[PDB]
Every structure is written in C-alpha cells, then in structure tokens.
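Visitor: Quick one: the structure is below, questions incoming.
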Amino acid sequence: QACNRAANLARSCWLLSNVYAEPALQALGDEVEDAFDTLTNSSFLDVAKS
Amino acid sequence: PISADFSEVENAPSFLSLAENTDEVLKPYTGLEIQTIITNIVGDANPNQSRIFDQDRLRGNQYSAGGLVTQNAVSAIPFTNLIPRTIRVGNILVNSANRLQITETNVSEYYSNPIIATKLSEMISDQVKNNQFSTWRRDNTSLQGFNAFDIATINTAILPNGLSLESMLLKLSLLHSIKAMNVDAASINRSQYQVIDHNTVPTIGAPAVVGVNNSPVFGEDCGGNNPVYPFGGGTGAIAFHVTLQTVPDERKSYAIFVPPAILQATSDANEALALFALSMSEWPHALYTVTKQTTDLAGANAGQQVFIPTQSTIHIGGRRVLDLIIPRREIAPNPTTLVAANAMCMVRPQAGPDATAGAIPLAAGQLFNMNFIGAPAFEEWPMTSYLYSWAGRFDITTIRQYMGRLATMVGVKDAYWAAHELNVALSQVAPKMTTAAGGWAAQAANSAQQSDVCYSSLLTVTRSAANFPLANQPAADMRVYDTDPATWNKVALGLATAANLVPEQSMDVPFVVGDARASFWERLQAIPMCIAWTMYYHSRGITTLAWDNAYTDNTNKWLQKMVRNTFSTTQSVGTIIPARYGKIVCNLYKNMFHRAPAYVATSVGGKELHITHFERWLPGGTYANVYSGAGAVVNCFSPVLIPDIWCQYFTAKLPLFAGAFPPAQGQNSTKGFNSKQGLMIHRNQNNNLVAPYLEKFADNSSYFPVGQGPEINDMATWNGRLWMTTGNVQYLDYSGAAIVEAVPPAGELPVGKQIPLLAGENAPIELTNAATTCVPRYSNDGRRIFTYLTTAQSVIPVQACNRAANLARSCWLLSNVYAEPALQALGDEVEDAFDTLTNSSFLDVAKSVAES
Amino acid sequence: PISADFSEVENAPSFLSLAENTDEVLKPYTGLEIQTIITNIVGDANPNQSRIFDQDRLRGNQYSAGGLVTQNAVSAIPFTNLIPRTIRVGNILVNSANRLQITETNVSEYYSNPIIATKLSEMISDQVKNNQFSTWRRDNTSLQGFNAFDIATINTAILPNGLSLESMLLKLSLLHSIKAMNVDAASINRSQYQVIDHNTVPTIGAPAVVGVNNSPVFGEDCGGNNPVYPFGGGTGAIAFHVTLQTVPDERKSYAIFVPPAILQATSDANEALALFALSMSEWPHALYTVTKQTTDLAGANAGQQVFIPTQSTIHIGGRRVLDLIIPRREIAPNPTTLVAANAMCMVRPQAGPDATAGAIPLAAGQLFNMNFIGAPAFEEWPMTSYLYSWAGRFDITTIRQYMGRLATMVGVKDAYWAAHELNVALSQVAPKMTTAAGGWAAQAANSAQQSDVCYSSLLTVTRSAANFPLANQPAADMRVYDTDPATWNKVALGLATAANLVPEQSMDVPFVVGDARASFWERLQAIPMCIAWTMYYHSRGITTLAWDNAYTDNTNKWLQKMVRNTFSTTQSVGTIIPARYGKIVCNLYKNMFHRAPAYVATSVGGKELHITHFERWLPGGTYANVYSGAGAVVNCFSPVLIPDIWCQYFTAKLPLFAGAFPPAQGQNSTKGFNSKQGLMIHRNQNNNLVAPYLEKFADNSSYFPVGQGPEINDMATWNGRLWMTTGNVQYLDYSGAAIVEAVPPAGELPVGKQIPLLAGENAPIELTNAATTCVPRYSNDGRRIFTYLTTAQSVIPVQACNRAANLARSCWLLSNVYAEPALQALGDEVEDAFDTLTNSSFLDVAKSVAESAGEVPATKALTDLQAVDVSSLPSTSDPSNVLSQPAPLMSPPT
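Residue numbers (the working numbering), protein chains in the order written: chain C, 2 to 51; chain Y, 31 to 882; chain W, 11 to 904.
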C-alpha cells in the first residue's frame, strides 16, 4: 500500500540539519511562511551562493 | 448513486447547486417506474420471484470493513398504511394495548378560477329581466329531468368562487386505496403486514377481507349495527327530494342536484347514488377494517387478524346533513300524492344489502319513500346507517367506471393526480427507528414505541387519547380546498363553466385507479418524498428538540423564523399560500430525480402560484426521534426515518455530504477534507477531545449570534459522518461539556426495522442498514455541538482527512461496486478489450436515459 | 470453414474483427443452412418421401495422422429435448434412478412500442357524453356481443407500457413443440431418442404416443387422473361469464374478454376456447409424456419407453384462476333468466373428451352451468382438470389455423419468431462430455453423470430435489415479458393500437408452426447458438472452476466485472436493459453466420432498443464441465459443449485460433507462430519443462495484476492447441507447480458423445470428434496456467513454430460450401393458379385492412350531426395522441 502511495511507513532517523520530529496528530494548518524566514531569507541565499 | 471509488465522492454536486430553481417542465414520477428498481437488482444469490407478493424488499450482496462478503442481505421497505389492532405476543394473537392514530385537515374556500356564465344562463336572466312568464310554467321540465322554476331560481344567484373537486376526488382516492386491499393476495406484498408487527406472517392462500366496524378495543366499533361518526359522534341525516320546493328552508341553499350523468354511471344506479353521497359528506363515515389470516413465525398459530387502514383515520369535510335532488322520469308537475311521488323519480333510492339496527332501523334493501309537497310528516334517514348499508359493495372497478363518467362530464385528469399525491403524502407511514451498533433492531412487542410512527414529512402522527367517538380541539395537519355545492349546482345544469372544467376522453383517467397494484405503487411513491424532506433537514444540523420546542416556549429568534418558513403560516382569504422554504424542497426533488410533483394553480393579487404537497403542511407537530434499546427516547440527532441506502440508491444526483462510503481495502477508500478545503480542527487535548476539520468560525464558535444558525457546508458534514461512523463518538460542546439533548448509549446510531427473513436471506451487517447523515450542529440552547473522539482514537481519521491514510467501512455490492482484494497488486492501467468493443452501445443507452 | 492449407489458417480473421458492430440488415436463421449439408435434401422435398429419420448425423471421410483413410466416419448431432424416464440397462429396460430437470422464468411488465387510442374509442366517449342529456339509461355502447356497461369500463385508464403478447406466444410454441412429436416416425430423427440413452434403438414403423401424467417414478404423475399443478402443487379455477357483473368482487379486475373473431371457424370452437384458456393460465398445467416403442442394440428385446419433453418442465408463472367473459350471440337485454342466456351465448363451454376424479369430478363432455344474476349458486371448475381433458385433442394443424386467425387480429409474425427463438434457447439441451484419447466415449448407464445436461449457453440445467409436486420454487434462468389482461381487453376490441400490433394475414405465420419437420428444424437451430457462446467463452482462457466462483470472489476485481456484465440485471426508466456483453455474442453471431437473430424492442423513454435472447439470462447456474472416464469431474478446461468440427464446418467466417488443422500435402502438414509474430517462449528454473511461444506479458505475470486478465491473442492460443494436441501435455504453474483445479488423466481431451452405428458407418478416429480450443489460461486463485512439455518432447513442436518442421494431425475430408439465404419472408408460400386469377383484389383489400385498424365507415363528421352539443364532445376538446413514456405529462405548471 505504501509503494502504491495509499499508506505511510514508520522508520527511525537522525535529527540533524533540517530534520525535525513529527507529532502524532498532524493537525495541519494553512501553509504559511514564517515572518522570521522572510526577514532573513536573502542572507540565507547569500550563504548558499557562497 | 452509490460510489465505487472516492473519486465519485469528490466530484459530487454541492447542496446549493441542487437547491437551485430549475425551469424545464418535467414528468410525473409514477410508481410503475419505481417498480423496476426493486426488481432488476444485481446479485447471484437472488431467486428472481415474479409474484409481487415477494418483491417487497431490497436484496443485495454486502462487503464487510474486514473484507468478507455477505450474500442476499435484506433491507425492508419502510412504509405502510395498516395499523394493527391485534398484535401477536408470545406467538399468539393478543388484543392491542395502544390507541389509534388520527389526522385532520383545514378545508378552505377555493376562490381561484372563478366561473363564467353560459349563454343559456344569460338568456335565462334576460327572461327574468323582461318578465317572460311562460318560460317557468308549473309543469315545464327539461330532458335533464329537472323542472324550469328550479333552474330559474338556481341561476339568479351570483357567485364569486370557482369549483375545485379536490376534497371530492380526495375522498374517492381514499375509498379506492381502502378497497384495493381486497384484491388477490399475490397482488399485495407481505412486508406490509409486518412493518409495525414484526412477529406476524401473512398467508398467501387467502385474500384480505374488507369489513367495517369490527375493531375489538377503545370504542373502535362505533356502535356496530348502529353506526355513528368516529369523529365527534352523532348520526348525520339524508333526504331525497324531487324538487327544491320540498326541501326545508334554511336548508335550500345547501341542497345538491344530482345530474343524470351520475345515475347512469354504473350497473346499479342506487350504488352510484350512494357513492356520490359518500363523495360529498363527511369522512370517515365509519372505521373500515382490513382482516387477514396470518400465522406464527413457525406457522404454529393461525388466525384472522385485524388492521385499521390509515386512510380510514384522516378527517376531511364533515358536513353532517344533506338533501339530494333527483331527476324525474316524466314531464309532470311536482308530486302531491305519495304514489305520484314514488313512481315519478328516475331512480328510487334504497339501502344496500347489509342490514342495520338503530332507532331508525333499515331492513336490507329497504326502499325510500320520496318527499312531496302536501306531506303530513317530513321524511328522512340516518346518514351513517345509510352509508353503512352500502359499505360492503363499493369496488375498485366500479369506482373506475364512475371515474370514467366523471372524466367525461368534466375534467378529472389533473385534479385526481394531485388528490392522489395528497393521499400518498398523508396516508403513508413509518415506525420510528431504534438505535443500535449493528444492522437490525426493533422495539419490544406490544409497546407504545412499537406503534409510534411518522409521516414521510418526518412529522410524527397525532394519537387519540380517549375512546371513540372523539371530541377534540382540532390540530390540522395540512390545508386542502373544499368542493362548493352551489357552484356544482351552477355547473350541473349547464348554467356555468370554468377554465379547468374541460371534459375529457374516458381513456385519459390516470391509470392508477382500478388497478390492483395500486397499493404497492403507493408505498413506492412514498420513498422519494422522504428523500427530499430528509435532505432538507440534514443539511443543517438542528437537533430534534430544537424543532420540537420551536413552536412552543423554548424558541429562539432563528428557530422562530425557521419553523415559520418551513410551513404554510400565511392565511390570505380563500387561498392556500405556499411555504417560503417548501420551494427548496421541490427544487431538491426536481434536481435529484429529474421528475416533478403535481401542481395546483392558485392566484394571489393576480399573481399565479403553483402549489405542491411540499408547500401545504401546517406547523406544531412533533418530529421523528430515535429510541434507545429498552425504549428510552433520544433526541440529539436531526430527525430521521429511513436508512441511507434508500437515498443513495434511488437518486440520480445527491449532494456531496450524503454519498456512500467506497469499499474497504481499495486504493481510493474513504478519506476526508482538511485545511486546504478551507477547514480547521478543534482540538481539546487537555480533556481527550479532538474534533474534525470544520468550517472556519464566524463569531459562532460556542453560542450562535442571535438570529443566526449554522451554515451549509458539505465537506464538514462529511467529516462529521467520518467521526460518527467510528464506534465511540461523543456529543459535547465547545468546552467539552454535556448538552441538554438526550444522547444514545455510546456508539449507537439509528438503524432500520427488523422483519422476519425468508429462506436464504441474511440480516444486514454492520452499518449497512443505518442512518448516518443525521449529524447534529445546533442545540436548543443555541450552543454549537461537537463530535469528539479521544486523542488516541482520533489519529488515523485525521491522517485520512489529511489524505495520508485510508479508512475501512462496509458497503452494498450493487451496480458498479466491486469487492477490493487485500493486496492491491496494481498493474498498468489498461482498457479491457470487451469494454472497447461494446462502448458505443453503452453510450447509446446513456443517451437514451438523458433524453427522457 | 475447414482449412485447406496453412496459408488459409494463417489468413483467418482475428477475433476482434468478428466482434465489431455490424450495421447491415440480415435474414433470419431458418436452420436450413445446416440441412443442405447433412442431408439428401437440397431444395424442397416432401417429409414422407425423404426419410429424415436417417438424416441425423454428420458423415464423411477422415484422414488419420498415420496416413490411413477411414471412410464413412460419423458424428452425432449434439442436442435434444427428450428425457428418458426409463433407461435400458443390461439389455433390459428399467426405471430411472435420477430426478427430472427443471427451469424457471422471470415474467414481468416492460415498456414496449408506444400505444395510442383508436377512433372507435372516441366514438364511444361521444356516445356517452351525448347520452348524458337524457334521463335514460341506455345501451348504445354495446360491441361484438358485449354489454354496454362493459365496453364503458374497458374504455378507461389505459396503461402506458404497451402490449407484448410474448408469454402467450411462448406457451403456444411450447405446446406446438410437444404435439409435433405425435407425427409418424419416418420424419423424426432416430438420434433424438438416443442422445442420453445411448443403448436404445427406436422403431421406425410406429409413431410416438403423447400422453399426460403417466410417469412411473418420483411422483411425476401429478395425481394422475386427479390433477394438480406440477410446481405450485395446487389446483386452479376457471369460470365463464356472460357479463362482468357475476364475477366476484375479489377478482373483477383480472377478467379477460374472449373476442368473437376467434371461434369464427365452423371447426369445433369449444376447443379454440380451451386453447385460449391454456395460453393465459400457469404453465405447465401437467407433465406431458412421450411414449415410444424401442428395442435392444441387438434388436432382441422390445418395449415402450417413457420420455419427458424439455418444453413440459419449464415454468412460466401466471394465473391460477380465470374469468372468461363470453360474447353474446344476439344483441339483447341482459339475460336475467337462464334460457335467455344459454340460447344467446355465442358458444356454450363444455369439458373435453376425458374423465377426471377427485372433488368436482368431471364426466366426459360435461356442460358448464352458466353464471347469471340471481342464480341459485355460483359455479366453477378446477382448471387443472378442465385442461386435463382437452390435453389429448390439440394438434399441430389446428394450432396453425388458430394462430392464423389470431394473426388477423394482431400481427404475430416477428413476435412469434422471437418466442420460437426463446423456445429453442430454453429447450434444446446436451449431455456433458467425457475425456478420452480416442474419438468416442459415454458415461455409465443410468448414472447421474449420464443424465447431466446443459443449455446452448454453456450453463447447466438444474435438477429437482424432491418428488412432484415441488414444494419450493427454483431460481429464475431467464426473464420474459408479460401480457396484461387490461390492455389485452383494450386491444382485442379495437380500442387501442401500437406499431408492433398492426394486423396481418393468416399466411404470414412462419413455416415451423405447421410442419412435421419442425422437431428436426428446432434441433438444427441450436447449433449456431453454441458456436457463438463457445467462441465467446474460449476467446479468454478462464477455467470452469473460475467462472463457477467468479461472481463473488475478491481475489480479482476484473473477474467480477467479467461475469457481472454477461447477465441482464440492469434497468432504466422502468424498462429492462440488455446485458452489456451479450451484444458481443450477438455481433459475433451476425458476423460468423451472416444471419440476424430475432429481437424485440424496449422503449427507453420512447427510444427503442433491441433485446435478443443472448442478452436476457440470469445469474446462479453452474458452468459446463467434462467428466473423467471414471466419472470424476474435471475443472481445468474453459466451458465446452460440442466438438469443434461443428463450430468450424458450419460458419461462413471463423476466428483464427479455432480453425481446423490443415491436410497433409507432400512435405507440409501443420505449423506454429514464433517471435516474428511477436511471441516468445517461457522457461523457468526447471530444465525439463517447455511452454510454447506466448505473449510477451506472459513473462511478467505469474499472477495477473488485479483489474486485469488474459487478453485476446489468436496465435498464442493456436500454439496452446499445438501443445495440447500432442498426447502428453502437462497443466502447471509458472514455477511448474500443480494448479488447484481438477485435471484429466494424462493426455486426454474432452470428446463427443457415442451413439449406436448403422451398417456401413465407422466410429470417429483420434481427435476428429474432440474439442480442442478450450485452452485454460486463468486459474481460480489468480495464477496463469501453462501447458508444458519435457525438453525431448518439446523439440519437434518448437521447430514447427519456427517453420522448420511439421506436425501430423487428423482431419475431416470435407470441402466448403455456404448458401445464400433460402427464404426472405420467414414464411413459406407458393402461388397456386387461383392465387394469380385473384391477385389484385387481394393485394388492395389487404392494404385496405392494414390501415383499417380501429376504423369504422362512420366518421366523426357524420356522428357530429346527430350530437346535441358538438363543442362539449370530448373528441373535440381532446384530440387523441400517442402516450409518452415512462408516463404522459400531468399537471403542467401552466
């Protein structure tokens, strides 16, 4: 069912870099850019360019 | 339509799209094409019986949430017109312990379509003006059989009001639907004798007998040999006259001419006369009683068993005394001796074969002594006695003859159809659902809850509180027009006409009358009516208390306006003005079935206005409510009567919140709507309470703002059904506290009525035979209601709404729904060769369906 | 056709090409296509002169794989309807051990061609309306000897559906099919008596005797001389009425008029009444029997065998009791006294020439005591006994004249022909096959396997589980139309008409209805039906055990669809809708035989659609399967009923995978398809199993993906036949594992039924009488099935696919011919000299009657003149129109 993409599988992982832990509920809201992420986006681009 | 895949759920019409006005003229939805849905069903376990006695039921294969298959599972047809008066208990016939149901009506004057004078009546009035003495001589008479002075006096009046024939045709339709029961046993399906009484099994070998005044209990017999009105008591009075000169004054304006056309309408003119007399007096004139042999579930305890027809309980008209005028054989002056009177008339009225005992006893077939001018003592008969004599001889093909004659004399095509609609809407009835977790349940034998029943309008029936005859304060259920005797006299004599009174070919009488299948067609025609009212009540989540208390003290502003516009509150003179929101129900009917209800034209202010049985109900009833096992009332849900599959399976289009759950174990199994659809969850995790994605609040989060109630939103109702169909829903409010409505024992939902099985059939499994769409949103307090699950229970459904998981729910395997294998080893999508070879034909069928 | 060379099989049509929709008009299949090939009779001949008693086999020379020629080799005609109730055993005739076959029908109302009221009805309504001015109850409205109050009530409340007549015509055709056995033995096939009992021999000299309720075993006599219905177990009731008033109120709505136009012959009319009554009551009213003299294979022992016709056991449900309302001889006041009645009945009914016992006993020829008002008591008869008495008196020649007058009232040509198609489809029947190596086999005498049988559709026939009368009803096998008494009453009296009901001449009745050859001809009409259904089931590889469980299974989504779509279980707008994949079989028929099946219309909202008998079957039955030589069942094959020589010698055009193996010609013999055709060989972990060139998808599906099954491909099927036709195939899994389905003892194939030989005949050799095309591919649990050979066995066949080697085979030595249709009309007819002397007059009087339906010489323009008030006549304010469907508009919103 997972390969078929009608189910998910559960596997362990390192919480490093941009990987964050997932809550059991997933009470999703409307997708929204954070204000801090917009205030500091260009700099983040400058690093990646460098 | 039921759905094979979740793709068929997302693409379903929104509710507001179907509640929209449609312009196109449509066709009547007769039970003859509703017939073909019950038969012609998918299934390999099904013996396809030909007799209509066995075709009484919804048979089908079913598929479990766990992936098992169940063959030829059953779902009873909900409706009936028979109220048992001898319930079986302990497998033996036992006298009933519960009082009889009753209905009423506000008859109204019909000012619409006012009449036009004929050139004949015009010249008559000219002759009265110019004082032409000769034209109304003493012994002048027409070939019609009435003398000229009576015509010259009937014409002198001016009448504003038009003629209707509505209450008349309605009484004829009621007597018809009672007499239809007496036809071959094979022609009437057995489920109808076991909707209220689930422990009784009728015999196919012997026909139901149609008696009168035989009921055992609560004064039902109405005096037996001495017949008396069930409603109000008393005897009426009838007198036959050759002239209006004989009728007592203060009675003259009421007397009815009987045209010769009536008396030549049958093999026995006294019977046509009796039937016209039934046609324009009070109804019921007595309590008719269908009797049928039935046996034990094991066949162990046969006996006759009594049933009172629903049609027999409706109260219409009620005019008590009547004077009938009759045609004369010869051109002679008004009779002076008695023999000169009796020999004179076209037909000499008499009692029918059944005898009566009364203060004024009538020997069987007794002749009436006609009244005359010099009579020492005025002569008269009791009315209930009179009709009681002929109560045994009315017969549906005779009524058919009578109808062909009426159709010839005057139009009958449309009016009889609308009267038939009123008959179905008023006399078809279903028991309140019991709550359960599984597929079948019923209330304990011989109980007050066993006999509670509701209209197709989801209004509960009134129940009598005392012995017959009753002496009630009236509580009318719906308006009807009255048939006016004076206008009838103006028309019968050729003095006047009206725009809807055009004469018709006899072959144009609607085909229902005189046909033995009519009862079955009645039951079938009842279902779509419930579908339209159900989709009305389920779109908004108002609880059953909030409707029950909406016309009494506990009202709100919004409940006040809400009950106000569902019903025919308005009362202009001589009219019936339609409910403002009844129109929405008619729109649902026309969009979901692509068919139309019968219309009656009615004018207000010179504006034309159609009206339908949807638009002419009256406020102040009590709504359908579910019972708990052990009988406790529960009234949290919005009102319901019938299982979802009926709605899903007879409709051509239904709103998105009502569709069937797709079968388990497939890709595209049941899912849900989330934030993108513009919805938001209400968590309350501090108390273990989590609720689905719902509509974004508009200052209506815990109490609704005054005068406002919940808004239509399909997807949120769908999610509410997803939360409910889990086994442990919890009905609380915004803080997570209890609401005032009574609630089901945990996990119960309303479920359809149990009936005995035939061989090879199965009880329905799981939630296949249950209402589900009845989701609460608005409580009597004015507070919102929330459906909660605990935080742990709530995680999978939240993933489903989020579309990262599937849910497993049971379903009917009908039409294009096929069972899903547990693996789903999918291959490349591929059209089958047979599907391409036979595609165009399949398109031709669908085109032919769309054309109609 | 038979193929002459491999060039011809290699150029044969693909299956999809033959299943395409075809748009052309085509003639009916009269069954004479097969007659001119298996018989002396090319052209016409008198049945007496032709001895078609001996014309009951396929004959020809055969060529063996070893090079020998077997002259005068033979094959049986597979189908039959007679069921032995006494089987020969040990040369001595004895009682049957096995219960009788039964069949069920789902009768119901459906929309037919749209219906409209006639002018005669308008005149009647105007007579009533004009009558309303006078205080006289008067009888202007009388017609054809009926009461004026009856014509009034028959003129009321018409039903939209239309009128069918089909169930009526079924009952008539079944009866005819039974009485046609009564003719002399010279013109019934010998084989027809020995399809199931292969050890008996009929005697030419003496005709068969048709009796009723005579059967020795399992209570088959339905009370004998005192009768009851075979299915319900009950007894009917029938009553005759001068007028509708004497009918009890319980059933005044079900009454049927019996129009005067029948009974117009000076031929006994009391019998025509009985045959009108039979064609509307429940069928069967009794179990007919055919007793015939027969003898031992040595000719030594002689006896009278008992048979049950298959027509006599099929249940068309209906009406236990009838009120028949008889026409009055002289227009008159209603007969209040009896002598006014009897001397004025146009016919006075009386029982037929046979006695009956039990309650209400009936002496032969007894007279019914007429019903009239004020009679001392009501009178009726049991109808099973009233019909028991006339049961010996009907015959083919009287049914022909009966239907000839019936045609004058209502057209009966196309309707009868379709009813005859249903007759053949439900009554012709064949025994299940036995596997063997050689050309003949049969099951052990008086065994359950010997008597097991199937329809032309490859569905098995159900058996009774208890002694008659049956206590409980079987499931329906097929659904038919019903005939409403109400609109019958309207149509018989000229009050209503439809485009399908236009009156026809007595000469239009189809030929089968009269002839003594009709039994043989019905026997020949069922073969093309099996050829169609066989190509259908064999195009895909699905096995018998797999069809058997398909409707329900959850292993595979595709299979459920594949069965749900072959049966008729759908509706719209209140009418029946044809099965979706039945149209494929119909097309397949039209394309192979270049003939059109008979059909009937259904009106979907006023749009006519054609239903054929291919489209009206119902789910429930087991599918056809072969038995082992020991009697064990075999599941592995696709359904089969007949040897493939039948399929391939009688088609104008044929599918490629089913063609005959070509004759040896010098170097060449037979050949196989390879990778140049798009195919490829299957190999597995085992090094000693080889499977043919097959599809390329065969490499990637040990199990079919859900939603998908094996696809049409003629060439791989051909290769599968080449592997099968070697004497040593192995039926196995992708891995070489055994499949769950029961398999034949090694190297055996199903083979056609044995019958006794005539002098000079030879038995069929090798695979000349076998089925070959039934190549399994789809297993019950979703696996593929592969045909394997061991390597050393595998080498010559693979090279034959590579066109580098040849494989020996047997064949019939028969050339190809296929005739243009013998007759256009569907009815035989020849000018006599008198037909030419009196030609034009008939030609125009005929057309002047065909337009004259519901006409009278008086027109509205004349009867207006007599009217009091012409504007108020309903014919003025309501010009009549055809009723729309599902229902006419009512209560329009202005």
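For each residue, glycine too, the CB sits at the ideal point set by N, CA and C.
1) Using a Cβ-Cβ distance under 9 angstroms, would residue 505 of chain W count as near chain D?
2) Using CA atoms only, rank isn't needed, just tell me which of W/153, W/89 and W/828 is closest to residue 502 of chain W.
3) Taking C-beta to C-beta, are residue 190 of chain W and residue 411 of chain W nearer than 9 angstroms?
4) Using the beta-carbon of each residue, which ones in chain Y are nearer than 9 angstroms to residue 163 of chain W?
5) Which residue comes first and which comes last in the beta strand (DSSP E) that contains residue 784 of chain W?
6) Interface residues of chain Y around residue 7 of chain C at Cβ under 7 angstroms?
7) Give the interface partners of residue 856 of chain Y over in chain C, defined as CB-CB distance under 7 angstroms, in chain order.
8) So that I know if they touch, is there some Cβ in chain Y lying closer than 9 angstroms to that of residue 888 of chain W?
9) Name the chain Y residues whose beta carbon is nearer than 8 angstroms to that of residue 25 of chain C?
10) Leaving out five residues before and five after residue 42 of chain W in sequence, what residues of the same chain have Cβ atoms less than 7 angstroms from its Cβ?
11) Less than 9 angstroms separating the beta-carbons of residue 396 of chain W and residue 287 of chain W?
12) Kindly indicate which three-state DSSP category residue 420 of chain Y falls into: helix, strand or coil?
13) Look at the alpha carbon of residue 42 of chain C and the alpha carbon of residue 48 of chain C, and state the distance between them as a whole number of angstroms.
14) Can you pull the DSSP bridge partners for residue 318 of chain W?
15) By the three-class DSSP mapping on this structure, what secondary structure does residue 710 of chain Y have?
16) May I ask you to list the residues that DSSP assigns as paired with residue 563 of chain W?
17) Should residue 167 of chain Y go down as buried or exposed, given a rule of 16 or more other Cβ atoms within 10 Å for buried?
18) At the 9 angstroms Cβ level, is residue 743 of chain W part of the contact set with chain Y, yes or no?
19) Between which two residues does the alpha helix (DSSP H) harbouring residue 549 of chain W extend?
20) Short of 7 angstroms in beta carbon distance, which residues of its chain neighbour residue 494 of chain Y, apart from the five on each side in sequence? Order them along the chain.
21) Can you say whether residue 366 of chain Y is buried or exposed, counting buried as having 16 or more other CB atoms within 10 angstroms of its CB?
22) From the DSSP output, in three-state form, read off residue 601 of chain W for me.
23) Which runs of the alpha helix (DSSP H) at least 4 residues long sit entirely within the segment 625–684 of chain Y? Give them in chain order.
24) Between Y/230, Y/690, Y/581 and Y/466, which lies nearest to residue 39 of chain Y when the distance is taken from Cα to Cα?
25) Is the beta carbon of residue 758 of chain W closer than 9 angstroms to that of residue 446 of chain W?
26) Using three-state DSSP, classify residue 578 of chain Y as helix, strand or coil.
27) Does any residue of chain Y have a CB that is nearer than 9 angstroms to the CB of residue 912 of chain W?
28) Is there a C-beta anywhere in chain W that falls below 9 angstroms from the one on residue 152 of chain Y?
29) On the DSSP letters alone, give me the boundaries of the alpha helix (DSSP H) that residue 20 of chain W sits inside.
30) Any chance the segment 664–676 of chain Y sits against the segment 820–837 of chain Y, with 3 or more Cβ pairs inside 8 angstroms?
31) So, is the C-beta of residue 443 of chain Y closer than 9 angstroms to a C-beta in chain W?
32) Would you identify the three-state DSSP class for residue 163 of chain Y, choosing helix, strand or coil?
33) Count Cβ pairs between the segment 195–202 of chain Y and the segment 371–382 of chain Y that sit closer than 8 angstroms; are there 3 or more?
34) Does DSSP put residue 10 of chain C in a helix, in a strand, or in coil?
35) Alpha carbon to alpha carbon, how far is residue 520 of chain W from residue 628 of chain W?
36) Under 8 angstroms: do the segment 829–847 of chain Y and the segment 88–98 of chain Y share three or more Cβ pairs, one atom per stretch?
Guide: In short, the structure shows the following:
1) Within the model displayed, chain D is absent; protein chains C, Y and W are what it includes.
2) W/153
3) no
4) 427, 428, 430, 431, 434 and 544
5) Premise fails: residue 784 of chain W is in no beta strand (DSSP E) and is neither H nor E.
6) 697 and 836
7) 5
8) yes
9) 825
10) 832
11) yes
12) helix
13) 10 angstroms
14) W/93
15) strand
16) Answer by DSSP bridge pairing: none, since residue 563 of chain W is not bridged.
17) exposed
18) no
19) 537–549
20) 129, 130, 132 and 500
21) exposed
22) helix
23) 674–680
24) Y/690
25) yes
26) helix
27) Since the first and last residues shown for chain W are 11 and 904, residue 912 of chain W lies out of range.
28) no
29) 16–20
30) no
31) yes
32) helix
33) no
34) coil
35) 29 angstroms
36) yes
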